[PDB]
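Encoded as C-alpha cells, the structure appears first; notes follow it.
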Amino acid sequence: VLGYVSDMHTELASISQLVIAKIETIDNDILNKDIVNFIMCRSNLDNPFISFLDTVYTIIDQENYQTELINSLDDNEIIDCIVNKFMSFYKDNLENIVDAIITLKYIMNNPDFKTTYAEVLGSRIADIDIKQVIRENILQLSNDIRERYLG
C-alpha cells in the first residue's frame, strides 16, 4: 500500500474529510477534467476526490475480474451501460455517481471501446456539476463503504 500510512479504514475516513475540506477550492471545470482523466487512466492524486475514487477502486480490487466481464459484453450492452450510468451525473445519489465513474473506467480499459467512446465521454463529462452531491453525501458514502468492504 504505497502512498498509504495506516489501514484502509483510516484512509477512507481521512480522504473523505479532505474532500469536504477542499471541495470548494476546486473549480468545477478542473474537477470534471480530473474525472475524465481518472476514467482514461491518468490519476491526478492531487485532487482529493480523485484520491478518493482511486482508493475506492483499489478497495473494490476488482480490476482483473471486471475486465473479463466487460470483454464478454456486446456493443448493445455497452451502449446501454454507458447511457444508464451517465444519468447518475445529473441526479442526487453519490454512490451511483462513483459507480458510474468506476464503471466507465473499466469500460475504457478495453481498447476497442476506448477508441469508439472516449471522445464523447470526455465531451459530456465536461458539462456536469456534481459538487453539491459530493458535499451532501461524501461522508456517509465513505462510512457505508468502510462498513461494506472493510468491517
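In the C-alpha cells, chains take the letters A, B, ... in the order shown, each chain's residues start at 1, and ligands count up from 1 in the order shown.
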I want to know what sits within 7 Å of segment 44-48 of chain A, based on only C-alpha atoms, with residues of the same chain fewer than 6 positions away left out; could you give that as a PyMOL selection string? chain A and resi 15+18-19+34
I need the chosen residues saved as a PDB file, in the first residue's frame, with N, CA and C atoms.
```
ATOM      1  N   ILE A  15      -9.404  10.621   3.776  1.00  0.00           N
ATOM      2  CA  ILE A  15      -9.553  11.265   2.448  1.00  0.00           C
ATOM      3  C   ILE A  15     -10.949  11.880   2.255  1.00  0.00           C
ATOM      4  N   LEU A  18     -10.750  15.270   3.897  1.00  0.00           N
ATOM      5  CA  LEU A  18     -10.079  16.179   2.950  1.00  0.00           C
ATOM      6  C   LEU A  18     -10.943  16.643   1.788  1.00  0.00           C
ATOM      7  N   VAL A  19     -11.724  15.712   1.217  1.00  0.00           N
ATOM      8  CA  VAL A  19     -12.637  16.070   0.148  1.00  0.00           C
ATOM      9  C   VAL A  19     -13.541  17.219   0.630  1.00  0.00           C
ATOM     10  N   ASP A  34     -10.317  16.424 -14.312  1.00  0.00           N
ATOM     11  CA  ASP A  34      -9.715  15.370 -13.485  1.00  0.00           C
ATOM     12  C   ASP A  34     -10.521  14.062 -13.497  1.00  0.00           C
TER      13      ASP A  34
END
```
From segment 66-129 of chain A, collect each residue whose DSSP state is helix (DSSP H, G or I) and return the set as a ChimeraX atom specification. /A:66-71,75-90,94-108,111-125
Measuring between only C-alpha atoms, which one of A:43, A:80, A:75, A:110 shows the shortest distance to residue 63 of chain A?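 Ranking A:43, A:80, A:75, A:110 by distance to residue 63 of chain A, first place goes to A:110.
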For each of A:121, A:128, A:35, A:23, take the minimum atom-to-atom distance to residue 54 of chain A, counting only C-alpha atoms, then give the residue where this is smallest. A:35
Would you pick out the contacts of residue 8 of chain A at 10 Å or less, using only C-alpha atoms, so that residues sharing its chain but fewer than 5 positions from it are not included, and give the list as a list in words? residues 1, 13, 14, 55, 56, 58, 59, 146, 149 and 150 of chain A
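In this comparison, which uses only C-alpha atoms, the residue of A:111, A:99, A:62, A:11 approaching residue 41 of chain A most closely is A:111.
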What is the distance between atom CA of residue 21 of chain A and atom CA of residue 51 of chain A, in Å to one decimal?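 We find that atom CA of residue 21 of chain A and atom CA of residue 51 of chain A lie 13.8 Å from each other.
With distances taken over only C-alpha atoms, A:57 is the one residue among A:42, A:16, A:33, A:57 lying closest to residue 98 of chain A.
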So what do you get for atom CA of residue 108 of chain A versus atom CA of residue 127 of chain A, distance-wise? 19.3 Å
Contacts of residue 122 of chain A within 8 Å, only C-alpha atoms, excl. fewer than 4 positions in-chain, as a PyMOL selection string: chain A and resi 36+118+126
Take the residues from that selection and write them out as a PDB file, in the first residue's frame, keeping C-alpha atoms.
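And here's again_3.pdb as it stands now:
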```pdb
ATOM      1  CA  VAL A  36     -12.193  12.369 -17.283  1.00  0.00           C
ATOM      2  CA  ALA A 118     -13.554   8.161 -25.384  1.00  0.00           C
ATOM      3  CA  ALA A 126     -17.223  18.363 -19.234  1.00  0.00           C
TER       4      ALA A 126
END
```
Need the shell around segment 94-97 of chain A: protein/DNA/RNA residues with any atom at most 6 Å away, counting only C-alpha atoms. Skip same-chain ones fewer than 5 positions apart. Format as a list in words?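 Counting only C-alpha atoms, the residues come to residues 88, 89 and 133 of chain A.
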Could those residues be written to a file, using C-alpha atoms, as an mmCIF file, in the first residue's frame?
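Saved file part.cif follows:
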```cif
data_model
loop_
_atom_site.group_PDB
_atom_site.id
_atom_site.type_symbol
_atom_site.label_atom_id
_atom_site.label_comp_id
_atom_site.auth_asym_id
_atom_site.auth_seq_id
_atom_site.Cartn_x
_atom_site.Cartn_y
_atom_site.Cartn_z
ATOM 1 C CA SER A 88 -26.258 9.402 -12.452
ATOM 2 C CA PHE A 89 -24.168 12.540 -13.048
ATOM 3 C CA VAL A 133 -23.971 15.716 -4.461
#
```
Option closest in space to residue 73 of chain A, from A:7, A:112, A:30, A:140 [counting only C-alpha atoms]: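 Of A:7, A:112, A:30, A:140, the one nearest residue 73 of chain A, counting only C-alpha atoms, is A:112.
When only C-alpha atoms are used to compute distances to residue 26 of chain A, the closest of the residues A:49, A:142, A:117, A:137 turns out to be A:49.
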